2 protein chains.
Amino acid sequence: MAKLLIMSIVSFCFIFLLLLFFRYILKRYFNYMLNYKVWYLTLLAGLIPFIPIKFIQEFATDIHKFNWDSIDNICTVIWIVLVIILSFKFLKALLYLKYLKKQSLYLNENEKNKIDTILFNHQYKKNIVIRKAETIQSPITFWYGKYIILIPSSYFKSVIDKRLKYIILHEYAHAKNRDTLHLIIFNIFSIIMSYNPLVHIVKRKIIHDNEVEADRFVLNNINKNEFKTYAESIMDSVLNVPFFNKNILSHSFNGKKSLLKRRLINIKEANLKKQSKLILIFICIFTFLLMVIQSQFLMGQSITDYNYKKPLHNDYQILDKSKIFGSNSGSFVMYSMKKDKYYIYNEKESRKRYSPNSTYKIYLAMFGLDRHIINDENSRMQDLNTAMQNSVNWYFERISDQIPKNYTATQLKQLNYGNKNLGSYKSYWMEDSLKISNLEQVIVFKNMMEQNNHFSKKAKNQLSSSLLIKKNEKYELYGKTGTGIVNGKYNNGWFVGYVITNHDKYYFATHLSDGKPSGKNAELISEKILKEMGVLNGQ
Amino acid sequence: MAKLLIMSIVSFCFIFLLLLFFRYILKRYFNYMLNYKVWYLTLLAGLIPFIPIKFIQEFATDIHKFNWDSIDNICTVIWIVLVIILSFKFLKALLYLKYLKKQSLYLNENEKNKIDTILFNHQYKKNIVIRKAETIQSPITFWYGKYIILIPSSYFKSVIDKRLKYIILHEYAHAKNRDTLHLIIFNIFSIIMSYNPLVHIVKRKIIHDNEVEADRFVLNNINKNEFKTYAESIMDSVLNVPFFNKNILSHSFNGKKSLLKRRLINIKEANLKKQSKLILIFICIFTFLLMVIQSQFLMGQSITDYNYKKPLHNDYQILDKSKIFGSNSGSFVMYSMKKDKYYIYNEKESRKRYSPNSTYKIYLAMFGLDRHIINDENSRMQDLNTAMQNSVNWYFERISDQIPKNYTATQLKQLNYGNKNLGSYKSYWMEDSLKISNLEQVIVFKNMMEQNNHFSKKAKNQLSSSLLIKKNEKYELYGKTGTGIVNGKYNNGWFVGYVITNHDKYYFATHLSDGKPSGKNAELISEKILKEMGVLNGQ
Ligand SMILES: [Zn+2]
Ligand SMILES: [Zn+2]
């Protein structure tokens, strides 16, 4: 819903940019100005989309959706608060001004005579008011619905200032365009649309254009011979006093906060003071320590995605089985327990860690078996053999939920199970946090049964039983298949297990990364290779 | 991975803010400056996290994850491009400067004598160079590894300028702090870290502090009686020429782009030109039309979430069944075909549209039946009765996939099926786009069989068969149950159907919004109410 503000922002910026485009060109090539009132069109643009112009068993499913509603609830409140704050600021200036008004004085006759001498050539609509003051240092103007020009008494006391003629024309020019009226109106709208900062940008740009037009007016009424004189009188405006800006709703003559002005102030100021070295020393020390503190927690880099970079403790043989894989790009690893040697296809791919998917069920079962979640006489949660054999997640998810995460972690760590990351979900092995390479599963499965003596003996073979694929006179082939599928595409096909033969004990894993990397294909591929390698021939 | 830049930004802004904090205070209360070199600490802070300081059947599942990797791929390229652009800009200025250097002239004797007269009181390390120029309008300085002060020949021609003493001290002061060295260094770092705009903010702030210190130095060497004179000589710097800023890598004396300066230029410029009205007229016209154009597509508001706001065409009776619902907050609607009257519990809740979930299977079956996706002799995709009866989504998802979306839409529209929105997914009825209220399902189911004669007769009763819950001597109760569950919480329990009795024909729906809003509960609740209402009593 807050997206509506976003839509409004886009509209605003569109119109905003178009106007800026023209402004540049017209000035750049023709020295032309725009009637700034066009900026009201942007405020209007900002409210386009904002206006609603439309012109028997139970079945259930557990869904996940992005909750962006809590965001809008919060954003709504923020918008409200910003408006409240801004209202105050507006008011602050406004109040000052009404109090200021009350302190003004009627202008007397001789001064009036001088003023008329200055403006009689306009014969204007004398529905504006000119007053003097014993307070303010320099002339100002504001609206009140009265259109007031207020001049410090010092400039009448300066009976022969001459320059009065210039300041008067300047003030006249602003009054003429009711700048002080539009400013208020504009600001009110801006206050409400607190969510779009471009409004402040426009607010500010307008002011420069206003002053430029005032200068042109004034010059139009000045004998050019005196333009220099005039310019000098302008410079004088920043030499005597600090600039002031409390009354954001009004117009002053001393120009604005600027580098030049700050410097001029600094020259006048008796600034010849010194400070102890400690000021910088300590700021620097603490700043440093604070960086140190941040560091204690902050770190990151792509290196955290590292796969099985580690060398084997023994010998391995490279093998090519690409005619077998065909389009099913992948890797293959086999290990001989008697030779203490690995046989590897695509040694680069074999090191890449992928979620184990269904082949994690192998380890999951070992863990469930040791913890008596499931056991060798009764493995029911469905049972182990059935669930492994018929692809039942209901069962394995239940085993996982009931294995203390620390037990799982203990064994994932003892066996070097890839990144040993079990995440937080009961289904952590499927396109999720726990990842392992094809080479690692061969290493890991082997250790699970042959080197790691923590596991009960029964857990080791109860698991093998659930994995039997085939048995014959030469060997018994065990393993599990499955596939990680993301957005309907099969991306991670696995077949993991072991072969005990009449000649040796083998561990293996097959992984498919592309083409049609199904579990079934990983199995078929593994079998063809294992047969070619003698594993499934009894050779 | 790009998140790393984000981490860097946070670090940067932390240190940045701390420094700004102190700067304000030290100046505000003690009038103290900082050795700006501390800003290098922020550049260092910006690289904290950046440094990698780490100190048997196949089972498969179809997963969805957020792809933020394409984003990083793109962001990487953008970063590279920004650096390329900035490199050019840097170079542009740099080249200008080397060419400029070559045009400088050695300073002669009398001028040297004057210069030494000015600086003999420093007896400085004369390893810097002073030259004059016949090109530039005002004195400048730069680095080159030479530390050069270059003064236009006009200021030596102005043999009695006097003010030379001031300009020289100013230049000396910048040379002293090697401002021109640090600027380059800083900028180079900034160019690489193109992703964090705060670097530009720092770049700019530094310059003001540099100029302030230069002024202090200069004043320290001036008889205070002349401070006024000095200040006047500063103002003169912006009266004669335009300011220039091509050489961003260097320091000039005419101050900077500013409102005052633009105005002074405008005074000198013969700007008394006029323009045709058409300039604004057409910009305004087109701007308007463009807003019109945007509008043709842009609209939004919360009103699009409207539920079943519409009154019935007949009479309805309010009923309270809150003792039945108990904690299972919900609604209940029943309709009498003979009386043409509705009986409603929680008439507000009954109008709220929710995804129909499994009860959509009712309509889905009608559609599948008419289209011969499934039929009355063979409804297999599992069959209709089984799938309805045993909660099989596999089956219904297949029916949905095979119903032309326009056919479904035709009937959703003829029956006023809530918002009639079937989205885009084969499972659009489950915690998804198609939504309908409890009151609407009663209306809609009724029309499906009693008013809408598009549907085949066989589709109407083939569906009823799959829905039979109970049959007896007084009535046959039909319907379907199910639940929308989100993030494990049951949020939308439904029971929808009809009762044909020995006295009348009833349509009904029960919906549960909170507590334990299961499908089963909606059924139990409906049955208790329907019995109390006489529907399931044959009364
Ligand atoms: Zn003004
Ligand atoms: Zn300077």
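- Header annotation of the entry names cryo-EM as the structure determination method and lists the resolution as 4.20 Å.

1. Some details on the overall build of chain A
Step number 1: When its secondary structure is counted, chain A shows 19 helices and 15 strands.
Step number 2: Radius of gyration (C-alpha) of chain A: 42 Å, far over the 24 Å computed for a compact globule of 539 residues.
Step number 3: When its C-alpha atoms are laid out on the principal axes, chain A stretches across 130 × 70 × 45 Å.
Step number 4: A buried classification covers 46% of the 539 residues belonging to chain A.
Step number 5: Carbon together with sulfur atoms contributes 57% to the accessible area of chain A, which is approximately 28800 Å² in total.
Step number 6: Here chain A holds 75 positive side-chain charges and 42 negative ones, and the gap between their average locations is 8 Å.

2. Describing the pattern of salt bridges
All names here are of chain B.
Step number 1: A full pass over the atoms with the stated rule returns 34 salt bridges over all chains.
Step number 2: Salt-bridge contacts for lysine 126 lead to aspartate 116; the nearest nitrogen and oxygen are separated by 2.9 Å. Separated by ten residues along the polypeptide, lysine 126 in the loop between α4 (109-119) and β3 (129-133) and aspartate 116 in helix α4 bring together distant segments of the chain.
Step number 3: For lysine 126, a relative accessible area of 52% corresponds to the exposed category.
Step number 4: Of the residues examined, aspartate 116 reaches a relative accessible area of 33% and is grouped as partly exposed.
Step number 5: For the salt bridge of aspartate 315 with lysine 341, the shortest nitrogen-to-oxygen distance reads 2.9 Å. Taken together, the residues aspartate 315 in strand β7 (residues 315-319) and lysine 341 in strand β9 (residues 341-345) connect sequence positions 26 residues apart.
Step number 6: The exposure class of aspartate 315 is partly exposed, given its relative accessible area of 29%.
Step number 7: The class of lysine 341 is partly exposed, set by a relative accessible area of 27%.

3. Details of the coordination of the zinc ion (ligand 1)
Residues and elements named next belong to chain A.
Step number 1: Donor atoms from the polypeptide that coordinate the zinc ion (ligand 1) comprise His170 (NE2), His174 (NE2), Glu211 (OE) and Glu211 (OE), at 2.0 to 2.3 Å from the metal.
Step number 2: Here the zinc ion (ligand 1) is ringed by four donor atoms whose angles at the metal span 60 to 160°, and the overall shape comes out irregular.
Step number 3: Mapped onto the polypeptide sequence, the residues donating to the zinc ion (ligand 1) form the spacing pattern H-x3-H-x36-E. Placement of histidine 174 in helix α6 (residues 164-176) and of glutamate 211 in helix α8 (residues 198-220) is noted, with a sequence separation of 37 residues between them.
Step number 4: Among the residues examined, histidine 174 registers a relative accessible area of 4% and is labelled buried.
Step number 5: On the basis of relative accessibility, which here comes to 9%, the residue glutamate 211 falls in the buried class.

4. A short note on the domain arrangement of chain A
Step number 1: With domains assigned, chain A is organised as domain 1 (3-51 + 69-266) and domain 2 (315-532).
Step number 2: Computed from C-alpha coordinates alone, the two centres of domain 1 of chain A and domain 2 of chain A are separated by 77 Å.

5. Overview of the sheet that holds strand β3 (residues 129-133) of chain A
All names here are of chain A.
Step number 1: Read across the open sheet, the five strands follow the order β2-β3-β5-β4-β6; overall the sheet is mixed. Each having just a single partner strand, β2 (105-106) and β6 (251-252) make up the two edges of the open sheet.
Step number 2: Bridging between β2 and β3 involves two bridges; their strand directions are antiparallel. Of the residues in β3, the one forming a bridge with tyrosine 106 is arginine 131.

6. As for the pairing of β3(B)
Step number 1: Where β3(B) lies against strand β5 (residues 148-152) of chain B, five bridges are found, and the strand directions are parallel. Bridging across to β5(B), B:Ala133 finds its partner in B:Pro152.

7. Regarding the relation of the copies chain B and chain A
Step number 1: For the pair chain B and chain A, the best superposition has an RMSD of 0.0 Å and corresponds to a rotation of 180° with a translation of 0.0 Å parallel to the axis. On the angle and the small slide along the axis, the relation comes out as a two-fold axis.
Step number 2: Mapped onto chain A, 100% of the interface residues of chain B again fall at the interface, so both copies present the same surface.

8. Digging into the interface of chain B and chain A
Step number 1: Contact residues are listed per partner, giving 100 residues for chain B and 100 residues for chain A.
Step number 2: Where chain B touches chain A, the interface holds two salt bridges.
Step number 3: Its salt-bridge partner being A:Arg263, residue B:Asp215 comes within 2.8 Å of it at the nearest N-O pair.
Step number 4: Run the count over chain B and chain A and you get 47 residue pairs in polar contact.
Step number 5: Counting residues per element, the side of chain B that touches chain A draws most heavily on helix α11 (residues 278-295) of chain B, at nine residues.
Step number 6: For the side of chain B that touches chain A, the per-class residue count stands at 55 nonpolar, 32 polar and 13 charged.
Step number 7: Where strand β13 (residues 475-486) of chain A and strand β1 (residues 59-63) of chain B come together, five bridges link them in parallel fashion. The residue bridging A:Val486 from the neighbouring strand is B:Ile63, located in β1(B).

9. Side note on a positive patch on the surface
Step number 1: Side chains of A:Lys27, A:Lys205, B:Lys89, B:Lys92, B:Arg204, B:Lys246, B:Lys256, B:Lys257 and B:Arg262 sit close together on the surface and give a patch of like positive charge.
Step number 2: For B:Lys246, the position within the fold is in the loop between α9 (227-235) and β6 (251-252).
Step number 3: B:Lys246 gets classed as exposed once you look at its relative accessible area, which sits at 63%.

10. Details of a nonpolar patch on the surface
Residue and element names in this part refer to chain A.
Step number 1: Taken together, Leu278, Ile281, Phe282, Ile285, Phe286, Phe288, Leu289, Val292 and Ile293 make up a surface patch of nonpolar side chains, about 790 Å² in accessible area.
Step number 2: The residue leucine 278 is located in helix α11 (residues 278-295) in this model.
Step number 3: Take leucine 278: its relative accessible area is 45%, and that puts it in the partly exposed class.

11. Some points on the side chain of A:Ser331
Step number 1: By the element assignment, A:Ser331 lies in strand β8 (residues 330-336).
Step number 2: The contact partners of A:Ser331, leaving out residues within four places of it in the chain, are A:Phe325, A:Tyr345, A:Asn346, A:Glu349, A:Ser350, A:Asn438, A:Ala509, A:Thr510 and A:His511.

12. Observations regarding the environment of A:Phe22
Step number 1: Structurally, the position occupied by A:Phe22 is in helix α1 (residues 3-30).
Step number 2: Once the C-alpha coordinates of A:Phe22 and A:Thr42 are considered, the two residues, 20 residues apart in sequence, prove to be 14 Å apart.

13. Focus: the pairing of strand β14 (residues 489-501) of chain B
Residue and element names in this part refer to chain B.
Step number 1: Of the pairings in the sheet, the one linking strand β13 (residues 475-486) to β14 comprises twelve bridges and is antiparallel in character. Paired with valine 486 across the strands is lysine 489, a residue of β14.
Step number 2: Of the strand pairs in this sheet, β14 and strand β15 (residues 505-512) are connected by eight bridges, and their pairing is antiparallel. Bridge pairing in β15 places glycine 497 opposite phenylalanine 508.
Step number 3: Between the antiparallel neighbours β14 and β15 lie three residues.

14. Describing the side chain of B:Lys261
Residue and element names in this part refer to chain B.
Step number 1: Within the secondary structure, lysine 261 sits in helix α10 (residues 259-268).
Step number 2: Put simply, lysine 261 is tucked away with no salt bridge, and the nearest opposite charge, on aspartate 236, sits 11 Å away.
Step number 3: Once residues within four sequence positions are removed from consideration, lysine 261 is found in contact with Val238, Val241, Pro242, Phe243 and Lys256.

15. Details of the sheet that holds strand β2 (residues 105-106) of chain B
Step number 1: Sheet architecture is open: five strands sit in the order β2-β3-β5-β4-β6 (chain B), paired in mixed fashion. Single-partner strands in this sheet number two, and they are β2 and β6 of chain B.

16. Here we look at helix α13 (residues 361-370) of chain B
Residues and elements named next belong to chain B.
Step number 1: Where burial is concerned, most of α13 is hidden: ten out of the ten residues are buried.
Step number 2: Of the positions making up α13, those classed as buried are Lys361, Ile362, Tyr363, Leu364, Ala365, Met366, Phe367, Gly368, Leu369 and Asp370.
Step number 3: In the segment just after α13, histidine 372 is the residue with positive phi, at about 60°.

Reading guide: rules and limits
Here the residues of each chain are numbered from 1 in the order the sequence is written, which can differ from the numbering of the entry; residues without coordinates are not included. By the order in which they are written, chains take letters starting at A while ligands take numbers starting at 1. As a rule here, side-chain values cover all heavy atoms of the structure and leave hydrogens and water aside. By the criteria applied, helices consist of DSSP H or I runs no shorter than four residues and strands consist of E runs no shorter than two, each listed in order from the N terminus. Radius of gyration means the value over C-alpha atoms here, while the globule rule gives 2.2 Å times the residue count to the 0.38 power. Relative accessibility under 20% of the residue-type maximum defines a buried residue, over 50% an exposed one, and the middle range a partly exposed one, all with a 1.4 Å probe and only protein chains included. Method for areas: the Shrake-Rupley scheme with a 1.4 Å probe, in which residue coverage is limited to the protein chains shown. Note on charges: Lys and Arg go in the positive column, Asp and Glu in the negative column, and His and the chain ends are not counted at all. Charged side chains are reduced to one point each, which is NZ for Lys, CZ for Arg, CG for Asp and CD for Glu. A carboxyl oxygen of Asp or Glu within 4 Å of a side-chain nitrogen of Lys or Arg is what we treat as a salt bridge. Listed donor atoms are N, O and S within 2.8 Å of the metal (Na, K and Ca: 3.2 Å). As water is not included, a site may look incomplete. Angular criteria define each label, namely tetrahedral for four donors with all angles between 85 and 135 degrees, square planar for four and octahedral for six donors with opposite donors over 155 degrees apart and remaining angles between 65 and 115, and irregular for whatever fails these tests. Start and end points for every domain follow an automatic or database-based domain assignment. Two strands qualify as a pair provided DSSP detects at least 2 bridges between them. The superposition of copies relies on a least-squares fit of their C-alpha atoms. Contacts: residue pairs with any heavy atoms within 4.5 Å of one another. By the criterion applied in these results, polar contacts are pairs of N or O atoms within 3.5 Å in which, for protein atoms, one can donate a hydrogen and the other can accept it, and in which residues neighboring in sequence qualify only through two side-chain atoms. In this count, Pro and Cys sit with the nonpolar residues alongside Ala, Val, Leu, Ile, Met, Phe, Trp and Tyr, while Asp, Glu, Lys and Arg are called charged and the others, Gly among them, polar. Note that patches include only residues with greater than 30% relative accessible area and no salt bridge, and the join distances are 9 Å for like charges and 5 Å for nonpolar side chains (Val, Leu, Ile, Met, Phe, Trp, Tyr).

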